[PDB]
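**Q** Chains G and B, in that order, give the protein sequences.
Using the authors' numbering, the letters of the first sequence map in sequence onto residues 106 to 187.
Using the authors' numbering, the letters of the second sequence map in sequence onto residues 682 to 740.
Beta carbons: idealized from backbone N, C-alpha and C, even for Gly.
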Amino acid sequence: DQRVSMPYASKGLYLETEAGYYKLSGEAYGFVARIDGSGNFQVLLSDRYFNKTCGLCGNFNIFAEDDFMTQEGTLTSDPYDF
Amino acid sequence: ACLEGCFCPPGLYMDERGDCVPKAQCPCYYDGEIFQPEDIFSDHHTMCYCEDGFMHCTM
Ligand SMILES: *[C@@H]1O[C@H](CO)[C@@H](O)[C@H](O)[C@H]1NC(C)=O
Ligand SMILES: [Ca+2]
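1. Tell whether a beta-carbon distance below 7 Å holds between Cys-731/B and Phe-716/B.
2. If we call anything under 7 Å between Cβ atoms a contact, is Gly-144/G one with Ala-133/G?
3. Going by DSSP, what residue range makes up the beta strand (DSSP E) through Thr-122/G?
4. What residues in the region 717 to 732 of chain B have a beta carbon less than 8 Å from any beta carbon of chain G?
5. Check whether the Cβ atoms of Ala-138/G and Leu-129/G lie closer than 7 Å to each other.
6. With distances taken Cα to Cα, identify the nearest neighbour of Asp-186/G among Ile-167/G, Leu-161/G, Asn-166/G.
7. Which of helix, strand or coil does DSSP assign to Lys-116/G?
8. State the CB to CB distance for the pair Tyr-126/G and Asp-141/G, rounded to an integer number of angstroms; the pair is presumed to be in contact (CB under 8 Å).
Given below as structure tokens:
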């Protein structure tokens, strides 16, 4: 809840600005986030979590149809209740 | 038919406990079971929830 300044680098999380756009790197933990001026979240993530990370950006598999596996684990046809 | 008695305005629907309420906290009666207005609900194979009075089941 304490507002900090920027940039910021604690706990292996460099919180930087690149190309006038804000960045959050976690290369130890294998991810790089960022935002643009308008607001467009982006998440770069390694190959280490292939068929692991299940969430709102779906699994990191090859397929694209089966990447709605709910918090229970259920292939759903709706992109909404998921 | 068009009967006579004690009703309450259309925005309000009847609750079991004598008052009538909007459809926000109007429970569901799935399989007889009186579920509260927010009760996420599932066996292994189905998936079901009560939103505003209606019981939204899926599979
Ligand atoms: C992903 O992992 C699951 C659970 O272990 C396994 O059932 C499935 O075959 C794997 N799929 C791929 C593409 O490796
Ligand atoms: Ca996928």
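**A** Judging by the given coordinates:
1. In the second sequence, counting from the first residue as 1, residue 731/B sits at position 50. In the second sequence, counting from the first residue as 1, residue 716/B sits at position 35. The answer is yes: Cβ separation under 7 Å.
2. As a position in the first sequence, residue 144/G is number 39, starting the count at 1. As a position in the first sequence, residue 133/G is number 28, starting the count at 1. No.
3. As a working note, residue 122/G is residue 17 in the first sequence. Note, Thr-122/G: beta strand (DSSP E), 119 to 123.
4. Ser-723, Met-728
5. Working through the first sequence from its first residue, we reach residue 138/G at position 33. Working through the first sequence from its first residue, we reach residue 129/G at position 24. The answer is yes: Cβ separation under 7 Å.
6. Along the first sequence, read from residue 1 onward, the residue named residue 186/G stands at position 81. The shortest Cα separation from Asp-186/G among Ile-167/G, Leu-161/G, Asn-166/G belongs to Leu-161/G.
7. In the first sequence, residue 116/G corresponds to position 11, counting from 1. In the structure shown, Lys-116/G sits in a helix (DSSP, three-state: H, G or I).
8. Locating residue 126/G in the first sequence gives position 21, where the first residue counts as 1. Locating residue 141/G in the first sequence gives position 36, where the first residue counts as 1. Indeed they touch by this definition, with Cβ atoms about 5 Å apart.
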